[PDB]
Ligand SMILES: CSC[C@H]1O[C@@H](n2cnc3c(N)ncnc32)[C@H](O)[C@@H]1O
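Next comes just one chain, in structure tokens: the form solved without the named molecule.
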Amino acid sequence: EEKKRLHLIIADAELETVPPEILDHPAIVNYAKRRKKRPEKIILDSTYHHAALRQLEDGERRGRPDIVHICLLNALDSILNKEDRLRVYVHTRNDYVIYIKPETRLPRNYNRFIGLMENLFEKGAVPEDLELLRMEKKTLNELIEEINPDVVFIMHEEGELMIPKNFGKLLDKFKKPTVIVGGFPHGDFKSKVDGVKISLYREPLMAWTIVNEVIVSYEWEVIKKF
């Protein structure tokens, strides 16, 4: 744990269980009933729960765990991860952090991945001995503190523009660079932290695109074989 790795935080993620406010909205009960599960245990998924988000704060961007799924399948199956050059983290829109042991194989199927998330929030670490996934109350600065990185990059549409190629060459110049990708469909970050704001393109991109640009550009810089 002295080699150059990328610490990659999927921040302000729209990954949460059903909000208390709407546990008794019809759509939440009818869904909870069909799925034979206590509503407060269920992961909020706008695709099913839209009719219950109409009146909720930030309701239109919330309950998009899909974004996380695709970002993790991207990160964890990366060559970069296979070479032991990536720690990936998830910080949620409710200031919970998820630590992810590199060797973790996420479910390829979305609905198994959701099943896993429901577990993780219930038990707090899964599975029981291994704790490949572990979750606890934590702000993003508290998390950044733990990492103790020598640079922080905030992937943001309004940042200093870079060719992806070049960002990679930049990340290689540090020992423990953190990069923060928003885990949310649209809008600005909620957590404001210190960090360098970087745009990799002009028009806005989705989290996973950002993830894949960032990881590959480092890969060809940090992986010596390349």
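From 1 onward, residues are counted along the sequence shown.
If you look for the form solved in complex with the named molecule, you will not find it shown, but the lines that follow are about it.
For the marked spot (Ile180, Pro185 and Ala207), a heavy atom within 4.5 Å of the named molecule in the deposited complex is present in each of the three residues. Contact check for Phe189: a heavy atom falls within 4.5 Å of the named molecule in the deposited complex. In the deposited complex, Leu200 approaches the named molecule with a heavy atom inside 4.5 Å.
At a distance threshold of 4.5 angstroms between non-hydrogen atoms, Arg87 is out of contact with the named molecule in the deposited complex. By the criterion of a heavy atom within 4.5 Å, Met155 is counted among the residues contacting the named molecule in the deposited complex. Only one listed stretch (48-56, 23-31, 168-176, 191-199) carries heavy atoms within 4.5 Å of the named molecule in the deposited complex, and that stretch is 191-199.
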